[PDB]
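*Asks:* got a sequence here, can you model it:
(one chain, ligands or ions: 2)
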Amino acid sequence: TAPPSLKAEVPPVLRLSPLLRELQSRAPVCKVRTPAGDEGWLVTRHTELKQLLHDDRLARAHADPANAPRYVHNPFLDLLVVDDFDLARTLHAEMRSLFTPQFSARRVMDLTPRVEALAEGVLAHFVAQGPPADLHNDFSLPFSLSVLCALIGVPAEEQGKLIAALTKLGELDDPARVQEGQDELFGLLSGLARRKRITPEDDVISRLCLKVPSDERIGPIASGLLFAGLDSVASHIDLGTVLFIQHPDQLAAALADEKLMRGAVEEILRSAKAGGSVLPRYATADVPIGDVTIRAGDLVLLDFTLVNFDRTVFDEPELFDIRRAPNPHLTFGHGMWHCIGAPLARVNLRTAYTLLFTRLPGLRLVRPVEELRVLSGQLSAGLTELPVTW
Ligand SMILES: C[C@@H]1[C@H](O)[C@@H](C)/C=C/C=C/CC/C=C/C=C/C=C/C=C/[C@H](O[C@@H]2O[C@H](C)[C@@H](O)[C@H](N)[C@@H]2O)C[C@@H]2O[C@](O)(C[C@@H](O)[C@H](O)CC[C@@H](O)C[C@@H](O)C[C@@H](O)CC(=O)O[C@H]1C)C[C@H](O)[C@H]2C(=O)O
Ligand code: HEM
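*Replies:* Numbers count the residues shown, from 1 in each chain. Ligands and ions are numbered 1, 2, ... in the order given. And now the structure:
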């Protein structure tokens with residue numbers, strides 16, 4: 001297969017696939033065939049990813065968005081792209097000025113007692129019947145979701161439908177099912193905005209109303225935030241928990257020392273996914289990078305965790321070392337595109353690991369890790385299940 005194809009099934013969890021390892025050793029920027037069947041440029045190395053994150057010729061913009069080369073087939077992902085390059089710039093700037101104040105240090109610090117309290121409640125439900133239990137579906141997802149709902153302003157009576165609607169939102173190669181969850185989610189969130197415009201509450205939707213006069217527009221905006229943080233946080237709770245099970249003496253040191261726990265969270269972010277953490281861009285003009293020229297209109301695949309195994313940056317990247325320092329991973333991106341939820345994601349993760357392992361020090365897998373499976377055909381795909389006992 002020339003160019004190499006990315007849809008090479010799914011590698012085992014917590015391991016860098018042979019395909020991606022050879023692509024990275026081959027060149028910093030590689031032409032590949034995407035899961036959707038089109039052609040794209042995979043950025044494989046740390047320095048080149050950083051450079052492209054700071055190059056204003058990469059954008060969520062294309063002269064013909066409907067016909068542009070695709071990474072995967074998903075209409076919700078397609079909503080990030082507009083056909084006017086000036087409009088793409090101003091929309092991106094606007095979105096960052098809307099969202100950045102919601103994740104200030106004061107706000108995340110102030111939310112933290114609430115985050116810890118939500119973790120405690122989810123844990124009670126997770127352990128209520130004793131072991132074994134599914135860490136993914138009965139702790140990681142409900143905890144990740146309850147935090148996002150508390151911050152965004154989704155009441156309890158609607159959180160039950162969210163996991164379902166958000167699941168069908170991420171489905172690949174089924175535009176009709178993505179449209180269903182899109183309909184259901186956009187209608188739910190914009191109705192909340194209509195209410196909170198009249199009766200403001202301490203949540204993000206209420207504060208978005210003060211700068212976004214359209215309730216309709218708050219639908220996709222809020223949906224973006226939820227989808228950006230739900231599976232991303234949940235899957236890192238899952239995989240970080242496995243990494244800790246596999247490295248008990250490092251887990252013991254992280255539990256005894258908060259600074260070591262912060263380092264451990266960073267090492268889990270660096271290494272848990274081990275490639276495949278791709279978001280797309282398009283070139284709006286020719287971009288020379290490494291020894292190739294990305295052409296205007298071309299698809300560019302930014303893989304934010306493949307670069308965390310770049311041997312020219314990380315010594316022994318395949319080893320889990322919570323004391324790794326410095327730890328310049330790019331899991332949250334960089335620059336003008338840097339993940340706005342990163343401070344919240346970090347609090348969620350250290351809250352989860354701290355609570356889980358102090359309450360359940362015997363946590364272990366029910367079956368060998370080789371038997372875990374990632375859901376297929378899913379944007380932001382996580383484990384089907386994570387059975388644990390304690
Ligand atoms: C300007 C507009 C307009 O006015 C309005 C009218 C339009 C709004 C448009 C809304 C549509 C939003 C787009 C969502 C797409 C998500 C794709 C996720 C893909 C996830 C990928 O997954 C893969 O999939 C493959 C198939 C599998 O083979 C792989 N093994 C793997 O699983 C990679 C996963 O990514 C990360 O997860 C983080 C991502 O979430 C981030 O945090 C959000 C980034 C992005 O979402 C930012 C937006 O979301 C912010 C949004 O808010 C913008 C916004 O409204 O602007 C408003 C103001 C973390 C996971 O570790 C990583 C992972 O899994 O490795
Ligand atoms: C461990 C969990 C998470 C990871 C690994 C992660 C990763 C990322 C990455 C790599 C990007 C850059 C995407 C690109 O350049 O196209 C990004 C952007 C973004 N993330 Fe996250 N994220 C996480 C959690 C969250 C959470 C919890 C939220 C919201 C509560 C969030 C909201 C956003 C937003 C709004 C953007 C768009 C920034 C922009 O377009 O300039 N993320 N995230």
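*Asks:* the residue in the chain that ligand 1 sits nearest to: neighbour count?
*Replies:* Nearest to ligand 1, among the residues of the chain, is residue 224, at 2.3 Å (C-beta to the nearest ligand atom). Placement of C-beta: from N, CA and C, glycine included. Using other C-beta atoms under 10 Å, residue 224 has 15 neighbouring residues.
*Asks:* for the one 3 residues further on, same thing?
*Replies:* Counted with other C-beta under 10 Å, the burial measure for residue 227 works out to 20 neighbours.
*Asks:* report the contact partners of it.
*Replies:* If a contact means C-beta atoms under 8 Å, 6 or more residues apart in numbering, then residue 227 has 76, 166, 169, 170, 380 as its contacts.
*Asks:* who wins for most neighbours among those residues?
*Replies:* The residue in the contacts of residue 227 with the most neighbours, by other C-beta under 10 Å, is residue 169 (28 neighbours).
*Asks:* so what's that residue up against?
*Replies:* Residue 169 sits next to 76, 178, 181, 182, 185, 223, 227, 379 when contact means C-beta under 8 Å, 6+ apart.
*Asks:* chain neighbours aside, what residue packs nearest to the second one?
*Replies:* Here the nearest residue to residue 178 in space, its sequence neighbours aside, is residue 75; by C-beta to C-beta, 6 or more residues apart in numbering that works out to 4.9 Å.
*Asks:* so how far is residue 59 from the one you found?
*Replies:* To residue 59, residue 75 is 20 Å away according to C-beta to C-beta, to the nearest Å.
*Asks:* of those two, which one has the most company?
*Replies:* Taking other C-beta under 10 Å, residue 75 and residue 59 do not tie; residue 59 has more neighbours (19 against 15).
*Asks:* next up, the contacts around the more buried one.
*Replies:* 85, 88, 89, 92, 281, 282, 284.
*Asks:* surely the last one meets residue 55?
*Replies:* No: proximity of residue 284 to residue 55 does not meet the contact threshold set by C-beta atoms under 8 Å, at 10.1 Å.
*Asks:* ligand 2: which of the contacts of residue 169 is nearest?
*Replies:* Checking the contacts of residue 169 against ligand 2 by C-beta to the nearest ligand atom gives residue 227 as the nearest, at 8.9 Å.
*Asks:* is it fair to say that closest one lies in a helix?
*Replies:* Yes: according to DSSP: H, G, I helix; E, B strand; the rest coil, residue 227 belongs to a helix.
*Asks:* how much space between it and residue 262?
*Replies:* Note on residue 227: its distance to residue 262, by C-beta to C-beta, is 27 Å.
*Asks:* same check, this time on residue 248
*Replies:* Distance, residue 248 to residue 262, using C-beta to C-beta: 19 Å.
*Asks:* now, which of the contacts of residue 227 lie within helices?
*Replies:* Using DSSP state H, the members of these that fall in helices are 76, 166, 169.
*Asks:* which parts of the protein sit against ligand 2?
*Replies:* The chain comes close to ligand 2 at residues 96, 99, 148, 225, 228-229, 232-233, 236, 279, 302, 304, 331-333, 337, 339-341, 344-345, as judged by C-beta under 6 Å from any ligand atom.
*Asks:* and the residues you listed, which are buried?
*Replies:* Neighbour-count burial (16 or more other C-beta atoms under 10 Å) is assigned, among the residues of the chain next to ligand 2, to 99, 148, 225, 228-229, 232-233, 236, 302, 304, 331-333, 337, 339-341, 344-345.
*Asks:* what's the neighbour count on residue 3?
*Replies:* Using other C-beta under 10 Å, residue 3 has 15 neighbouring residues.
*Asks:* which residues does it contact?
*Replies:* 30, 31, 32, 33, 39.
*Asks:* out of those, who's nearest residue 386?
*Replies:* Closest approach to residue 386 among the contacts of residue 3 (C-beta to C-beta): residue 32, at 29.9 Å.
*Asks:* phi and psi next, for that closest one.
*Replies:* The phi/psi pair for residue 32 (degrees, to the nearest 10) reads phi -130, psi 170.
*Asks:* and if you look at the one 5 residues further on?
*Replies:* The phi and psi values for residue 37, taken as degrees, to the nearest 10, are phi 100, psi 0.
*Asks:* quick check: it vs ligand 2, distance?
*Replies:* Per C-beta to the nearest ligand atom, to the nearest Å, residue 37 is found 22 Å from ligand 2.
*Asks:* ok, residue 200 next?
*Replies:* Using C-beta to the nearest ligand atom, residue 200 is found at 20 Å from ligand 2.
*Asks:* right, and that residue touches residue 192 too?
*Replies:* No: applying C-beta under 8 Å as the test, residue 200 and residue 192 come out as separate, 11.9 Å apart.
*Asks:* counting neighbours, go ahead and name the busier of these two.
*Replies:* Neighbour comparison, residue 200 and residue 192: the larger count goes to residue 192, with 24 against 14 (by other C-beta under 10 Å).
*Asks:* helix or strand right after the strand or helix carrying that one?
*Replies:* Applying DSSP states H and E as the criterion places residue 192 in helix 175-198. Proceeding N to C from helix 175-198, the next assigned helix or strand is helix 204-209, under DSSP H and E.
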